[PDB]
Every structure is written in C-alpha cells, then in structure tokens.
C-alpha cells in the first residue's frame, strides 16, 4: 500500500463527457457537459454533477446542474436513434422532475449504464 504519502485525486467512481440535449437560441441541439460519477460511501449518496458553459451571473450567480442518481426513476440503453450522431449509444434517464435524453459513446455507455444502474438503483426506498 502507501507507506509515506499518496495524495488525494481520483475520487469519482467513473469519469466521462456526456451530452445533454438543450435549447438556447433555437431548435434542439446537443451540448457537452463535464460529467462526474460520485458515490460509494456510508452516508454520502451517489449523484451526477454537470458543468455548463454560461456567459455571466445574471439570472443566477452559480449555474450548476446536478441529477441525483437515486432520483433516477428508471433508465434504459438506446442505440443512438435520437438526433445524436452515429457511432454512439444514447441512454434513457427518467427523474421525478422530467425525462432527460442524453447521449454517450458506445465505448463508455456500456460501463455507464452498468454503473449508473448499479448506483441509481442501489438501495431504493418507498416512503
């Protein structure tokens, strides 16, 4: 193991760039947002963080977008049929709020869905 000092760094369970379809000026186009998979703890829960590319703090000082995996009511694996570009594999993401259709690379998707489904659907509860 580590005798002297190791140092912090690799924390998130899995890292990868995702694509969330959104609209700003017109039409529905895709937009890359730094995604980070967190979780695997006693108290701390799993959650997906995202980073947008705004211009300036006008309507909101901090423009952050996080989707609590635990919230994911249901998820599926698409074959990249949406507007998304070919040579990829999109996945379904349903949340109490709404349904988000993101796109992922057939390379990562495989693991993504697995991990996500492993965490998001780790320990459900019905209050």
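Laid out as a table, the results:
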read-out: Rg/Rg_globular for region 12-121, with Rg_globular taken as 2.2 N^0.38 Å and Rg from C-alpha atoms; value: 1.08
read-out: FRET efficiency estimate (nearest 0.05) - Cβ-Cβ, residue 8 to residue 126, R0 30 angstrom; value: 0.25
read-out: Acute angle (nearest 10 degrees) that the helix 106-120 long axis makes with the longest principal axis of the chain, alpha-carbon atoms; value: 60 degrees
read-out: Mean separation of Cα contacts under 8 Å, 6 or more apart, over the residue count of the chain: relative contact order %; value: 19 percent
read-out: Gyration tensor (alpha-carbon) shape descriptor, region 67-127, a/c threshold 1.5; value: oblate
read-out: Virtual spin-label span in nm between residue 92 and residue 111, 7 Å along Cα→Cβ; value: 2.5 nm
read-out: Estimated 222 nm signal from helices in the chain, with DSSP H stretches of n ≥ 4 weighted -39500 (n - 2.57), rounded to 500; value: -4000 deg cm²/dmol
read-out: Region 38-105: relative contact order as a whole-number percent, Cα under 8 Å and 6+ apart; value: 21 percent
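The numbers here are math on the coordinates, done by the rules we state, and not lab data. Cβ sites come from the backbone with ideal geometry, for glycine too, and all protein chains shown count toward neighbours.
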